[PDB]
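These notes are about the structure you will find just below.
Protein chains in written order, with this note's numbering: chain A, 1 to 105; chain B, 106 to 210.
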């Protein structure tokens, strides 16, 4: 299982500390706790590899892009990270203007 | 007092081994030994929490972001780390292309 940690950063270069351990990232969903798909492409919970997010395996991070945040309404978003190993992992961001705080489950 | 150690890394994944010893980071200044404010926002010595730097308390580290380094001209920079406890601590980075060496003062 990969493990993620709580963090605090800026929309322009936000990354979550990630221990990938063995795993490789397949995709990520973003939804509001309100209900609603959050992020670019409101028509699916699943966001776009590369453009919205990307795993930096070298640096042990999950990058969330400015493009992703540009289409997130201020508040609380549940992330769900899907790995090829089958398993998933939930994370929580709280966006407040340019400030973002991540919270691990 | 927190204590920092010397290190070597790449601009994209640079972090200083940090013993926080229960202090908490208020802010950080970056200036050249030349004189000059180094880093993003040339108009203040004090850099931006989150975007330019961030303390990883869990991992006992100080992260310096790629964004920070993107706006550092090659050479030597004195860091000054300010904690809420009042006290500060100086560090030294030497940037050379994508290579960076940190030196505890």
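Note that CB positions come from ideal geometry on N, CA and C, so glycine has one too.
- Following the DSSP letters along the chain, one finds residue 158 of chain B in no alpha helix (DSSP H) but inside the beta strand (DSSP E) bounded by residues 158-161.
- For residue 171 of chain B, the uninterrupted alpha helix (DSSP H) segment begins and ends at 171-175.
- Within chain B, the C-beta atoms nearer than 9 Å to that of residue 12 of chain A come from 156, 172, in chain order.
- For residue 182 of chain B, the secondary structure class from DSSP, reduced to helix, strand or coil, is strand.
- Against residue 2 of chain A, chain B offers no close residue; the least beta-carbon distance is about 15 Å (beta-carbon pairs closer than 9 Å).
- Classified as exposed, residue 51 of chain A has fewer than 16 neighbouring CB atoms from the shown chains inside 10 Å of its CB.
- The straight-line gap separating the alpha-carbon atoms of residue 117 of chain B and residue 170 of chain B is approximately 7 Å.
- Residue 1 of chain A: not part of any beta strand (DSSP E); DSSP gives it neither H nor E.
- Here DSSP, grouped into helix, strand and coil, assigns residue 117 of chain B to helix.
- Close CB contacts of residue 44 of chain A within its chain, under the 7 Å cut and outside five residues either way in sequence, are with 37 (chain order).
- If you draw a straight line from the Cα of residue 42 of chain A to the Cα of residue 77 of chain A, it comes to about 13 Å.
- Closest in alpha carbon position to residue 55 of chain A, among A:46, A:74, A:17, A:72, is A:17.
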